[PDB]
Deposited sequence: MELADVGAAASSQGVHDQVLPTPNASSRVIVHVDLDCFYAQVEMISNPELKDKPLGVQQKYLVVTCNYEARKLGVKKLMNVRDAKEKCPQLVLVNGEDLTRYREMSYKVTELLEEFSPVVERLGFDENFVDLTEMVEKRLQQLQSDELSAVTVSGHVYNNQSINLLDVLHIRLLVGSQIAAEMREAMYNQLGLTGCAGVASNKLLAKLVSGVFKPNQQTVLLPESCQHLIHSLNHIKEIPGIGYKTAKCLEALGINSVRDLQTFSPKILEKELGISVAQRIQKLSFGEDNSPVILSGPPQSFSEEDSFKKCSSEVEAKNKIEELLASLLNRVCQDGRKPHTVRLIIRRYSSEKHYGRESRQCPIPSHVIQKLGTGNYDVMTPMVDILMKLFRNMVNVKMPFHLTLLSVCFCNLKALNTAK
């Protein structure tokens, strides 16, 4: 039953990429811009007040010397994201992606192979790589302690390999399930790693200050929980299961309540190739007429290219819109003759358009 999981989280991902291809930006405070949004920034800029997901106005206020690069085309970030996952797949092939910069790996089978190859002499010599959460004391006779420490050594090899092979830095967290691995990897956020021994599981979850910090609990779920007087991890631990079921559902209630105890039995899933390809564009209630084709035609040309590179073929298309005030969408299957180019697709999408501040296209259901 006992598992050793690792969670790898790159530091200021987009910014770290821009700082790589243009070393001239290192040491200088950097923000990565998407329209009016500074979506992330390096640490030279966080010190100066800039914060993730900050207005381009407020950010230049706290740092007028802030150098900004446009990060709207994710192509380069996506390509590097998959270079990271692919390298980790060398260690163990079961690698789950979370967004572009986070990866889960189940190290269990790999920890146990390393253990058989050791002797009674070197086992007492097993050491930790990186921080132990809560400065908790190690017990070389606790077999769970030994396995987690081996997990931290693997985690350090990955992080070094990532830097040696892709010049990227990041954090790692080693724990017994995915929830705790992710929560502990950020205890030392700047290019460091942390291992969570079981006896500190409760210190970790109770170190949080709002239930939203639990991966699995978002805006709607949080707000519903505070409309019930649930503001802390412990409030949710002790809240009535029944009342929780008959207010949020039997699936939401019974899993988030297990997350509040640090429990999470979900396996690390192999993300493999993507299940979808999409592109978005946003605009200040600009598209006011059907000549919004050009904006659509742009999105296809990049998707069609990305698909051709992927080699697989999609069988469903989707169009999304956002309307000046909540999103609406229409999809349909892809004609067969088309699957084996640009002109016909457009006319499908506009038929979808006419059935109905943002336009987006997606290719899903891939073979």
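Stretches of the deposited sequence absent from the structure, as judged by C-alpha coordinates, are 1-25, 351-355, 371-378, 395-403, 415-420.
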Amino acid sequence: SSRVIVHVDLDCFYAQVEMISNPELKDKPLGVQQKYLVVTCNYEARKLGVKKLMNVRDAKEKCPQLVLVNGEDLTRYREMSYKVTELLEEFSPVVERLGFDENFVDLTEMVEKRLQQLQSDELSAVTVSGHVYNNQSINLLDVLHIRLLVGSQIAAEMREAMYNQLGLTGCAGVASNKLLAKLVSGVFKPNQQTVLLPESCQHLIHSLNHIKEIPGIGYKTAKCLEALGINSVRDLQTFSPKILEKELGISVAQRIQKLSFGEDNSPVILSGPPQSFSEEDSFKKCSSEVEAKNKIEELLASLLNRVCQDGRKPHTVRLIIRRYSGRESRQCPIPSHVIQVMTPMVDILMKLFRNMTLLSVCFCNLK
From here on, numbers count along this sequence of modelled residues.
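Definition used throughout: the rigid core is the maximal C-alpha set that superposes within 1.5 Å between two forms.
Of 289-297 and 275-283, the stretch whose C-alpha atoms sit farther from the shown form in 9 other deposited structures of this protein, after fitting on the rigid core, is 289-297.
Fitting each structure in 9 other deposited structures of this protein onto the rigid core and averaging C-alpha distances over structures and residues, 118-126 emerges as the more displaced of 118-126 and 144-152.
Judged by mean Cα B factor in the deposited record, 277-285 ranks above the other of 277-285 and 131-139. In this entry, 238-246 has the higher mean Cα B-factor, the comparison being between 238-246 and 210-218. For the set 192, 116, 176, 260, the maximum C-alpha B-factor listed in the entry falls on 116. Annotation for residue 96: C-alpha temperature factor in the lowest third relative to the rest of the modelled chain, per the entry.
Among all modelled residues in this chain, the alpha-carbon of residue 122 has a temperature factor (C-alpha) in the highest third. For residue 102, the recorded CA temperature factor ranks within the lowest third of the chain's modelled residues. Compared with the other modelled residues of the chain, the Cα B-factor recorded for residue 18 ranks in the middle third.
When all modelled residues of the chain are sorted by CA temperature factor, residue 6 is found within the lowest third.
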